[PDB]
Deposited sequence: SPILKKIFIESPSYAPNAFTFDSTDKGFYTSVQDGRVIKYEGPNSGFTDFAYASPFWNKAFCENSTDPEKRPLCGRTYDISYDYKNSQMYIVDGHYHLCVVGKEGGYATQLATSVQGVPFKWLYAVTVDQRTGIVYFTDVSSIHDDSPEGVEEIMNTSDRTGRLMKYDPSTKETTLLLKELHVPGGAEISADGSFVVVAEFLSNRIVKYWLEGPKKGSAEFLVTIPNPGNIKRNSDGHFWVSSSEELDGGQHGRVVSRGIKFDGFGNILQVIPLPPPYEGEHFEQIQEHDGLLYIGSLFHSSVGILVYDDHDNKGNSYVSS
């Protein structure tokens, strides 16, 4: 297992997505930007900003939590191929979208059933229907240090799963009282959405079709599950960390599972991720993109097989 680091601006490149050109990638960073890597000999450019207030002088390269409400902080991004546009979920500006050329994003939704969003975290677009599925970590606590602390202390179970439909412009509540839903990924065939409940160490399966449509069921136990991203085979990669029996400390792993809950592949991450929580593992073009809040470079894994 080989690791590659790509030096990036700002800090904490946590989430990735890709467009039809498939040259490079997009990533969300701590200072409120969505940036685009253009290739090994042309670095990063700014792509988009959820916050309409974002500006270089005040927000570029900041990690001051006090500047977050103004600059924004995007937690996930999902490219819509049919419409050449990028969906965004931000901790301060909520569900947004930006067209192909980027720039400042258009805000789409900030509440459901009269209850404001507090910390949108994961997003995915159904490539066939253009319908957007996304999670809110809490209905009480935002991404401030004070908020994170309260979520932990009260074992906050006020997370939600929503859908947004661009043809109605309405958003609908699918699930409530989730236990820190930091990951959500639609099946290849659109029949279900898998949701990671970080504080309950599990993945649940929410049905979009079939006789159980509109309900969710337990799928598989995963320690401290984060983001979920589907690969081209239709399987799901999730970030995981497990406290080590005998240690102290965690062991970090990427875990690939199917829609029936079978564990298909387990990848212990190498340093520096090995003993740290991480955000996401996403398979694309034969590479594993690793999202984290704890580094200033993007991490990518590939296996070296030049001997067998």
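Exercise for review: Pop the missing stretches of the deposited sequence into a list, counting residues from 1 and keeping sequence order.
Suggested key: The deposited sequence has unmodelled segments at 1 to 3, 252 to 253, 314 to 321.
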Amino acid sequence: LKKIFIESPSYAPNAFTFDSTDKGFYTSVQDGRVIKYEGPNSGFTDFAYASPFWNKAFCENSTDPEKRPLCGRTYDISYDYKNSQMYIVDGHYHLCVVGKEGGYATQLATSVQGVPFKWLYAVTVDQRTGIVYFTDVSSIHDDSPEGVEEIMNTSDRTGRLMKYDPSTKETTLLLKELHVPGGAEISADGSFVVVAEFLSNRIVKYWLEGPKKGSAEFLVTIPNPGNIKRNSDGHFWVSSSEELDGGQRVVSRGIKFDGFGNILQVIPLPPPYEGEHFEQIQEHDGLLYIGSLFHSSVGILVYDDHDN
From here on, numbers count along this sequence of modelled residues.
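Point to revise | Selected stretch [higher average CA B-factor]: 16 to 24 or 283 to 291 | key: If you average the C-alpha B-factors of 16 to 24 and of 283 to 291, the larger mean comes out for 16 to 24.
Review point. Comparing 150 to 158 with 176 to 184, which stretch shows the greater average C-alpha B-factor in the deposited entry?
Key: Per the PDB entry, the higher value belongs to 150 to 158.
Point to revise | Peak C-alpha temperature factor (PDB record), options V29, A57, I255, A48 | key: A57 has the highest C-alpha B-factor of those listed.
**Study point:** Out of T135, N224, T171, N231, highest CA B-factor residue
**Key:** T171 has the highest C-alpha B-factor of those listed.
**Study point:** Assigned third (lowest, middle, highest) for the C-alpha B factor of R33
**Key:** As the PDB entry reports it, the C-alpha B-factor of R33 lands in the lowest third of its chain.
Exercise for review: Comparing against every modelled residue in the chain, figure out the third that the C-alpha B-factor of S239 lands in (lowest, middle or highest).
Suggested key: CA B-factor rank for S239: lowest third.
Practice item. Report the third (lowest, middle or highest) to which the CA temperature factor of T124 belongs, ranking only the modelled residues of the same chain. Key: Lowest third.
Point to revise | Chain-wide C-alpha B factor ranking for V220, given as lowest, middle or highest third | key: Its C-alpha B-factor, which the entry lists for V220, ranks in the middle third among residues of this chain.
Review point. If you rank the chain by CA B-factor, which third does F278 end up in: lowest, middle or highest?
Key: It belongs to the lowest third of the chain when residues are ordered by C-alpha B-factor.
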